[PDB]
Amino acid sequence: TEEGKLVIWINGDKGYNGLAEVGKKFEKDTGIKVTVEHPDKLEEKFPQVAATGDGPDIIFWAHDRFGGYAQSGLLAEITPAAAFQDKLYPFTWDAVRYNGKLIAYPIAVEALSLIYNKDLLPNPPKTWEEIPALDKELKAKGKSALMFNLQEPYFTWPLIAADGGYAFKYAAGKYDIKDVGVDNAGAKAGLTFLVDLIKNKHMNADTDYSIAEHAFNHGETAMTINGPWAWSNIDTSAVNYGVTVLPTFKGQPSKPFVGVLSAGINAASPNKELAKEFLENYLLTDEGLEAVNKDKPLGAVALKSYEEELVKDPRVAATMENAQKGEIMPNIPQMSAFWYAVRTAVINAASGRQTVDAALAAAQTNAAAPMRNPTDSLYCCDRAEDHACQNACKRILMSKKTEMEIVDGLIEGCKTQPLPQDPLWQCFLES
Ligand SMILES: OC[C@H]1O[C@H](O[C@H]2[C@H](O)[C@@H](O)[C@@H](O)O[C@@H]2CO)[C@H](O)[C@@H](O)[C@@H]1O
Ligand SMILES: [Cl-]
Ligand SMILES: [Zn+2]
Ligand SMILES: [Zn+2]
């Protein structure tokens, strides 16, 4: 990073050009230039490059991965005023709260919807169970019924969760990380149905985002499953399409994992005041969010002034109907392991290299696997009396060490007085 400049990272499927237009407006008003980038596998790249002090000032992703970043000390605590908080819907703030602190700015609510081709299929199906017969009928006309991304577990999760599949058990405002629900009856029923669609040649196992998107946008498949960002390319196409409630499975709603696109501030960034300026007064405005939305649609934005009007479009109404039927994703550190384990299971089951039961049993263990993590005592680095020690502490606790190595590193870089009288060491001992 560089003082007086902002660098922002955001996913390739989002409105990066539109975000850049907001950046041009920020530079014209204030003289601070904004560079928008969309690197590949940005959600894994950010925690890597923040360990090297080579991260952006601002990072965009769905809120589920932010708790992990915050745990690891990669995010500054943001400081919106009461007046500003009131401009956004309370629940979007709830998605960015981690151990009591606001760790990112909420942007927009994301939910998966069923997208169908009104000409090939004027009445979309209300249940998953009727889709196989629909494909047989459409195959007679050289088409298919449904194609969606089988490589990302986000797209398959609504079916997995419909009859009972869950990520982490939620008991009184707390997620139990030892209780993973990806191997219960409901999860197996859902994944088995997908696998049976593949075996019965109503779907193929290699379908991914580009393939499904191409099939739907060129009138070859009657349906896909995707989020607001995908409407842009469909609008550009000649397809007459609708966006509606996901089909039910075993009489239950499909439960998508709902994402809140969020903008976090790099803890290592020297531009935290400029990042706050840009996010609060330029991006989180009607004119800013419209600039991004115009490019790729955001969905149900967190800003009330804009959302009150935007929700008039039926596709946004559909996103909200789908989101209300599902659950806000957890923001806990364990979400990254949960996602990776379900990704393996679905691919391995869909390809037939494992059985549903074998794939999902492995996922339960891996999603529950506890990690060694010292980053839980990062807050003690803030009680250091010197600046040099606070930073030395942050790097020691961040950097993969054993406990012996953390204790020894802190002694080397952070002993200024006797240990029993030092507030940083008193904090560390208790923690
Ligand atoms: O695929 C698992 C994946 O799900 C989500 O990623 C979503 C993201 O929420 C959407 O904004 C859009 O970019 O599509 C993605 C699906 O590939 C989670 O947020 C993510 O952490 C997770 O790995
Ligand atoms: Cl890249
Ligand atoms: Zn194409
Ligand atoms: Zn084609």
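Here is what the cut-offs are and how they apply
- Residues numbered from 1 in each chain as written, not as in the entry; some residues may be left out.
- Chains lettered and ligands numbered in written order.
- Heavy atoms only, no water.
- Near = heavy atom within 4 Å.
- Polar contact = N/O pair within 3.5 Å; in protein donor to acceptor, adjacent residues only side chain to side chain.
- Areas by Shrake-Rupley, 256 points an atom, 1.4 Å probe, with all protein chains shown as cover.
- 1 Å grid on protein atoms, 1.4 Å probe; cavity = no way out; pocket = protein on both sides within 12 Å on 5 of 7 lines; lining within 4 Å.
- Sits in = over half its atoms within 2 Å of the grid points.
- Points joined across faces, edges and corners; volume = space filled by probe spheres on them.
- Helix = DSSP H or I, 4+ residues; strand = E, 2+ residues; numbered from the N terminus.
- Nonpolar A, V, L, I, M, F, W, Y, C, P; charged D, E, K, R; others polar.
- Domains from an automatic or database assignment.
- Buried < 20%, exposed > 50% of the residue type's maximum accessible area, 1.4 Å probe, protein only.

Method of determination, as given in the entry header: X-ray crystallography; reported resolution: 2.4550 Å.

Turning our attention to the site of ligand 1. Taken together, 15 residues lie near ligand 1, and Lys14, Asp64, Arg65, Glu110 and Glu152 sit nearest. A distance of 2.8 Å separates an oxygen atom of ligand 1 from a polar side-chain atom of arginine 65. Burial of ligand 1 by the surrounding chains reaches 91%, relative to a free accessible area of 470 Å². A majority-of-atoms criterion places ligand 1 in the second largest pocket.

Quantified by volume, the second largest pocket comes out at close to 970 Å³. Around the second largest pocket, the lining is made up of 32 residues, and of these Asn11, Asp13, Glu43, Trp61 and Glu152 lie nearest the centre. Of all elements in the fold, only helix 2 (42-49), strand 3 (58-62), helix 7 (153-162) and helix 15 (335-350) reach the threshold of two or more residues within the lining of the second largest pocket. The element contributing the most residues to the lining of the second largest pocket is helix 15, with 5 residues. Residues of the lining of the second largest pocket, tallied by class, amount to 16 nonpolar, 5 polar and 11 charged. Residue assignment places the lining of the second largest pocket across two domains, with domain 1 (5-110 + 259-328) and domain 2 (113-255 + 334-368) each supplying three or more.

A few words on unusual backbone geometry. For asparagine 99, which is not a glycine, the phi torsion comes out positive at approximately 55°. Residue placement: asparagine 99 occurs in the loop between strand 4 (97-98) and strand 5 (101-102). The class of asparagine 99 is exposed, set by a relative accessible area of 64%. Despite not being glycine, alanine 172 has its phi angle at roughly 55°, a positive value. Turning to its location among the elements, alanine 172 is positioned in the loop between strand 9 (166-170) and strand 10 (175-181).

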